[PDB]
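# Examination of the molecular architecture
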2 protein chains.
Amino acid sequence: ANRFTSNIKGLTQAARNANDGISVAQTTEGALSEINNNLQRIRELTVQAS
Amino acid sequence: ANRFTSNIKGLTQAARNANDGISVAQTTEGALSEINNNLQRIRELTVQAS
């Protein structure tokens, strides 16, 4: 039962860590999408300047 | 989806550029017509002076 308690506590902590990782990935993806929009605008600008 | 966005927003600007070129062609054709009228008048004056 003691080892089971250890396993359960570790599993909860690992779930917390995974939620934090999901947060990190989403936070990065937001800025990625923004930079993509900027690149699309630059490409249309070059199209007009060509 | 992003590549389709790029292609669409490029083709729209390309159509704009084609219209801007049509404008140049028309503006040139006008002056060409005026010069043609002047040459016709010159030819009539020549056949008068012959």
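cryo-EM is the method the PDB entry lists for this structure, together with a resolution of 3.4 Å.

Per the PDB entry, the recorded name for chain A is Flagellin, and the organism is Escherichia coli. Per the PDB header, the entry is named "Cryo-EM structure of the supercoiled EPEC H6 flagellar filament core Curly I waveform".

### Thoughts on the packing of helix α1 (residues 2–49) of chain A against helix α1 (residues 2–49) of chain B
A pair of packed helices is characterised by two quantities: the angle between their axes and the separation of those axes. Relative to each other, α1 of chain A and α1 of chain B sit at 25°, their axes nearing to 9 Å. Considering their axes alone, α1 of chain A and α1 of chain B lie roughly parallel with respect to each other. Both α1 of chain A and α1 of chain B take part in a crossing whose hand is right-handed. Here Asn36, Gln40, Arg43, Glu44, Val47 and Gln48 of chain A of α1 of chain A lie close against α1 of chain B, whose contacting residues are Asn2, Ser6, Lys9, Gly10, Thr12, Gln13, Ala14 and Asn17 of chain B. The residue makeup of the contact of α1 of chain A with α1 of chain B, split by class, is two nonpolar, nine polar and three charged.

### Thoughts on the interface of chain A and chain B
Counting residues at the interface gives six residues for chain A, matched by eight residues for chain B. Taken together, both faces of the contact between chain A and chain B bury some 650 Å²; the carbon and sulfur share is 43%. It is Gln40, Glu44 and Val47 of chain A in chain A that bury the most area against chain B; as a group they hold 68% of the surface buried on that side. The tally of links between chain A and chain B comes to zero salt bridges. Linking chain A with chain B are four residue pairs in polar contact, by the criterion used here. In terms of residue class, the side of chain A that touches chain B is made up of one nonpolar, three polar and two charged.

Calculation criteria
Residues numbered from 1 in each chain as written, not as in the entry; some residues may be left out. Chains lettered and ligands numbered in written order. Part of a larger assembly, values for the part shown. Heavy atoms only, no water. Axes fitted to C-alpha atoms, helices over the stretch in contact; angles between N-to-C directions. Helix = DSSP H or I, 4+ residues; strand = E, 2+ residues; numbered from the N terminus. Parallel < 35°, antiparallel > 145°, perpendicular 65-115°, else oblique. Left-handed = near helix turned anticlockwise from the far one by under 90°. Contact = heavy atoms within 4.5 Å. Nonpolar A, V, L, I, M, F, W, Y, C, P; charged D, E, K, R; others polar. Buried area = accessible area lost by both parts, 1.4 Å probe. Salt bridge = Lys/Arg side-chain N within 4 Å of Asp/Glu carboxyl O. Polar contact = N/O pair within 3.5 Å; in protein donor to acceptor, adjacent residues only side chain to side chain.

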